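Visitor: Take this structure, written in structure tokens, and hold onto it; I'll ask about it next.
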Amino acid sequence: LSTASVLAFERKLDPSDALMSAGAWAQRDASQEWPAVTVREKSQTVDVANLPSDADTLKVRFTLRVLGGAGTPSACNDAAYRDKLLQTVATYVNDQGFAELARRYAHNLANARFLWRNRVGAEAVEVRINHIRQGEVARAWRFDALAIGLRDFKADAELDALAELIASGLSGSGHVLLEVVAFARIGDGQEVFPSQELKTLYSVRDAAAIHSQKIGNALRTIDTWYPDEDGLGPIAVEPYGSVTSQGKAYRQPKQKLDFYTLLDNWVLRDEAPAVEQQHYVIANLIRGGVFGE
Amino acid sequence: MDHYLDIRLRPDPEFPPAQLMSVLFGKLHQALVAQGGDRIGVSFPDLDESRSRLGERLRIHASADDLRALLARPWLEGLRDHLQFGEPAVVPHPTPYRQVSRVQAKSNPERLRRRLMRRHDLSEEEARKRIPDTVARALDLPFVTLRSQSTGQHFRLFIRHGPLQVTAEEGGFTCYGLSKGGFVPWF
């Protein structure tokens, strides 16, 4: 009848941190053991991240574990609100799978948005994707990131086969684990852009890295279902969808397109939004967070 | 002047005003800095000093061949997927006073000014009395940031241009080649 005061949603599509390492282009065959990128100083004391000057290619590697079971909250007070929420997702999943969502998730691995300030200014970016059922690779992939459009989404039989894998993970059909490896020609000794500590740089084994949540922000720019305008490209799926760099928000509570307003209609008030608007509702349950009163 | 150009940078997260798209506005002139080319007329067509940004598009004033086919340097990258792209056209047929672009106008002299204050065989107690800090004073130079070895984010800039002529011709060459005095496109 009403939302519970506690709604904690365990997130899905959990990324890791991304190690960075240099290396020469066309050395992708023996590209396993590279020297990484440290964090040095220059003088007034700042912390910069640069390649070794003999190399031209940044190597970025993280892992991604698709969990699935996106309907069940981890913490919920009332069971009748909990059950009908599970009934509402079961209405969604039976009508259509996670394929249209995951095909938009299948892009963000291919055209490497997780290269945030590293893709802009590059000239050749190649992303490896491997499915590892065991320690061995059970399924491999190979994708250009510049040919696949950063602002425009298009389908491919290689992408759709990869989309069905992430759809199989989100629907709970099995286990999906991914090894994303990104080679990018930036140039000799150039400035790569790691994540900015609150000013040092986030390094782990004295090897500069990107935050895990700063990668997961790049893996969820799926919301093209704006109130205002799709001309600026996709934006990360968030309740009260807002961009810090553009400064303005979208999806106001005065508008009837708010995620909380949609969820109260789509679950409590039994008022279904559009099918194009249903994809925005589910893609915040994969995000997770404290919802409810 | 002879062939005025434009470059549209589309809106996105990575091109906001913080450091992914702030610093690529007065220091990203690699076509006049590193990528190849030194003899163009800098004329930004978005000279609006209210927001402190003297250029909105990638406005460049070149010749007819330099705008049609002689402007293929690496100073126009990033607009393949992270923005839009432009092309060349004709020069200003009317009298446009677009003699203002990214040029060598800026007031950051405090980066190395101790030799003009206290590095003249004296001590360091004259860094503002003998030679003051009046040139190393940041002001309202309407111009996009720079991404050199002065900060991890963007920086300050300025517009080293002035008036523009009435005919079609590339003006004078400043540090940025800002084509001031030549009748470039007004906007």
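Residues in the structure tokens are named by chain (A, B, ... in the order shown) and by number from 1 within that chain; ligands are numbered from 1 in the order shown.
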Quick one: residues within 6 Å of range 159-165 of chain A, only C-alpha atoms counted, chain neighbours fewer than 3 positions away excluded, as an MDAnalysis selection string?

Guide: chainID A and resid 102:103 106 156 168

Visitor: Save out the residues we just selected, N, CA, C and O atoms, as a PDB file, in the first residue's frame.

Guide:
ATOM      1  N   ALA A 102      20.735  -4.514 -21.225  1.00  0.00           N
ATOM      2  CA  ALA A 102      22.098  -5.026 -21.317  1.00  0.00           C
ATOM      3  C   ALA A 102      22.743  -4.702 -22.654  1.00  0.00           C
ATOM      4  O   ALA A 102      23.971  -4.632 -22.733  1.00  0.00           O
ATOM      5  N   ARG A 103      21.945  -4.500 -23.705  1.00  0.00           N
ATOM      6  CA  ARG A 103      22.517  -4.066 -24.975  1.00  0.00           C
ATOM      7  C   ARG A 103      23.017  -2.634 -24.876  1.00  0.00           C
ATOM      8  O   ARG A 103      23.976  -2.260 -25.558  1.00  0.00           O
ATOM      9  N   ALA A 106      26.028  -3.268 -22.979  1.00  0.00           N
ATOM     10  CA  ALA A 106      27.056  -3.856 -23.827  1.00  0.00           C
ATOM     11  C   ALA A 106      27.839  -2.810 -24.598  1.00  0.00           C
ATOM     12  O   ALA A 106      28.933  -3.108 -25.084  1.00  0.00           O
ATOM     13  N   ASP A 156      25.248  -4.693 -32.837  1.00  0.00           N
ATOM     14  CA  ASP A 156      26.153  -5.567 -33.568  1.00  0.00           C
ATOM     15  C   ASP A 156      25.953  -6.984 -33.053  1.00  0.00           C
ATOM     16  O   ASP A 156      25.641  -7.190 -31.878  1.00  0.00           O
ATOM     17  N   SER A 168      21.975 -12.652 -19.316  1.00  0.00           N
ATOM     18  CA  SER A 168      21.920 -13.907 -18.578  1.00  0.00           C
ATOM     19  C   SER A 168      22.381 -13.727 -17.140  1.00  0.00           C
ATOM     20  O   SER A 168      21.911 -14.436 -16.245  1.00  0.00           O
TER      21      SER A 168
END

Visitor: Residues of chain A within 6 Å of chain B, counting only C-alpha atoms - could you list those as a PyMOL selection string?

Guide: chain A and resi 120-121+150+232+245-246

Visitor: Write to file, as a PDB file, in the first residue's frame, the residues of the selection just made, with N, CA and C atoms.

Guide:
ATOM      1  N   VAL A 120      39.277  10.832 -24.847  1.00  0.00           N
ATOM      2  CA  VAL A 120      39.308  12.113 -25.544  1.00  0.00           C
ATOM      3  C   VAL A 120      40.759  12.538 -25.710  1.00  0.00           C
ATOM      4  N   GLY A 121      41.196  12.667 -26.958  1.00  0.00           N
ATOM      5  CA  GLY A 121      42.578  12.943 -27.270  1.00  0.00           C
ATOM      6  C   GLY A 121      43.361  11.740 -27.744  1.00  0.00           C
ATOM      7  N   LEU A 150      30.550   7.071 -29.449  1.00  0.00           N
ATOM      8  CA  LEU A 150      30.463   7.452 -28.044  1.00  0.00           C
ATOM      9  C   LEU A 150      29.101   8.050 -27.717  1.00  0.00           C
ATOM     10  N   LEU A 232      22.103  15.906 -26.200  1.00  0.00           N
ATOM     11  CA  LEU A 232      23.398  15.988 -25.540  1.00  0.00           C
ATOM     12  C   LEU A 232      24.046  14.628 -25.322  1.00  0.00           C
ATOM     13  N   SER A 245      28.901  18.499 -13.982  1.00  0.00           N
ATOM     14  CA  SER A 245      29.690  19.334 -14.880  1.00  0.00           C
ATOM     15  C   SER A 245      28.805  20.276 -15.685  1.00  0.00           C
ATOM     16  N   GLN A 246      27.629  19.807 -16.106  1.00  0.00           N
ATOM     17  CA  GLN A 246      26.675  20.704 -16.747  1.00  0.00           C
ATOM     18  C   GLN A 246      26.013  21.627 -15.734  1.00  0.00           C
TER      19      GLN A 246
END

Visitor: Please provide the set of residues having any atom within 9 Å of residue 126 in chain A, restricted to only C-alpha atoms, with same-chain residues fewer than 3 positions apart removed, written as JSON, numbers by chain.

Guide: {"A": [110, 111, 112, 142, 143, 144, 145, 146, 181, 182, 183, 184, 185]}

Visitor: With only C-alpha atoms as the basis for distance, which of A:270, A:36, A:6, A:118 is at the shortest distance from residue 78 in chain A?

Guide: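 Looking at the shortest contact to residue 78 in chain A, the residue is A:6.
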
Visitor: If we count only C-alpha atoms, what is near residue 89 in chain B at a cut-off of 12 Å, once residues fewer than 6 positions away on the same chain are taken out, given as a ChimeraX atom specification?

Guide: /B:1-6,59-69,71,185

Visitor: With only C-alpha atoms as the counted atoms, please give the residues lying no more than 7 Å from residue 7 in chain B, apart from itself and same-chain residues fewer than 2 positions off, as a PyMOL selection string.

Guide: chain B and resi 9+57-59+85-86

Visitor: Given the selection you just returned, output its residues as a file containing N, CA, C and O atoms, formatted as an mmCIF file, in the first residue's frame.

Guide:
data_model
loop_
_atom_site.group_PDB
_atom_site.id
_atom_site.type_symbol
_atom_site.label_atom_id
_atom_site.label_comp_id
_atom_site.auth_asym_id
_atom_site.auth_seq_id
_atom_site.Cartn_x
_atom_site.Cartn_y
_atom_site.Cartn_z
ATOM 1 N N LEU B 9 31.814 22.003 -30.022
ATOM 2 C CA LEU B 9 32.059 21.029 -28.966
ATOM 3 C C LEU B 9 30.725 20.725 -28.297
ATOM 4 O O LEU B 9 30.133 21.604 -27.660
ATOM 5 N N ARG B 57 32.362 28.453 -30.030
ATOM 6 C CA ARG B 57 32.751 27.443 -30.997
ATOM 7 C C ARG B 57 34.262 27.475 -31.205
ATOM 8 O O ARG B 57 34.982 28.279 -30.610
ATOM 9 N N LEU B 58 34.742 26.584 -32.070
ATOM 10 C CA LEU B 58 36.161 26.547 -32.426
ATOM 11 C C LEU B 58 36.408 27.479 -33.612
ATOM 12 O O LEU B 58 36.772 27.065 -34.715
ATOM 13 N N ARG B 59 36.199 28.770 -33.358
ATOM 14 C CA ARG B 59 36.306 29.776 -34.404
ATOM 15 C C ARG B 59 37.764 29.994 -34.787
ATOM 16 O O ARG B 59 38.604 30.297 -33.935
ATOM 17 N N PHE B 85 31.683 18.365 -35.309
ATOM 18 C CA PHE B 85 32.805 18.790 -36.131
ATOM 19 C C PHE B 85 32.348 19.881 -37.088
ATOM 20 O O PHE B 85 31.161 20.004 -37.402
ATOM 21 N N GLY B 86 33.314 20.675 -37.553
ATOM 22 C CA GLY B 86 33.060 21.751 -38.477
ATOM 23 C C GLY B 86 33.747 21.553 -39.815
ATOM 24 O O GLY B 86 34.334 20.510 -40.104
#

Visitor: Considering only C-alpha atoms, return as a ChimeraX atom specification whatever protein or nucleic-acid residues lie within 12 Å of residue 139 in chain B, sequence-local ones (same chain, fewer than 6 positions apart) excluded.

Guide: /B:49,52,105-108,156-159

Visitor: Identify all residues of range 37-282 of chain A in helix (DSSP H, G or I) (DSSP on the backbone) and supply them as a PyMOL selection string.

Guide: chain A and resi 79-95+99-110+157-170+212-216+259-268+275-282

Visitor: To one decimal place, how far is CA of residue 154 in chain B from CA of residue 32 in chain B in Å?

Guide: 19.0 Å

Visitor: So how far away is CA of residue 250 in chain A from CA of residue 92 in chain A, in Å?

Guide: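 Separation between CA of residue 92 in chain A and CA of residue 250 in chain A: 24.9 Å.
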
Visitor: With distances taken over only C-alpha atoms, which of B:160, B:138, B:129, B:101 is nearest to residue 41 in chain B?

Guide: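 Answer, going by the shortest atom-to-atom distance: B:101.
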
Visitor: At a cut-off of 7 Å, using only C-alpha atoms, what residues contact residue 53 in chain B? Leave out same-chain residues fewer than 6 positions from it and give the result as a list in words.

Guide: residues 47, 142, 143 and 144 of chain B

Visitor: May I ask which of the residues B:102, B:147, B:161, B:73 is the closest one to residue 24 in chain B, counting only C-alpha atoms?

Guide: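 Selected residue with least distance to residue 24 in chain B: B:147.
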
Visitor: Using only C-alpha atoms, which residue out of A:3, A:108, A:91, A:38 lies closest to residue 151 in chain A?

Guide: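 Among A:3, A:108, A:91, A:38, it is A:108 that comes nearest to residue 151 in chain A.
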
Visitor: Which of these residues is nearest to residue 176 in chain B, using only C-alpha atoms: B:163, B:103, B:90, B:84?

Guide: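 Closest to residue 176 in chain B of all the choices is B:103.
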
Visitor: Rounded to one decimal place, report the CA of residue 43 in chain A-CA of residue 111 in chain B distance in Å.

Guide: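 Taking CA of residue 43 in chain A as the start and CA of residue 111 in chain B as the end point, the length is 12.0 Å.
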
Visitor: Would you please work out which residue, of A:208, A:70, A:177, A:283, is nearest to residue 130 in chain A when using only C-alpha atoms?

Guide: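 For residue 130 in chain A, the nearest of the given residues is A:177.
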
Visitor: Using DSSP on the backbone coordinates, identify the residues of range 113-242 of chain A assigned to strand (DSSP E); present them as number ranges by chain.

Guide: A: 124-131, 139-144, 176-185, 209-210, 221-223, 235-236
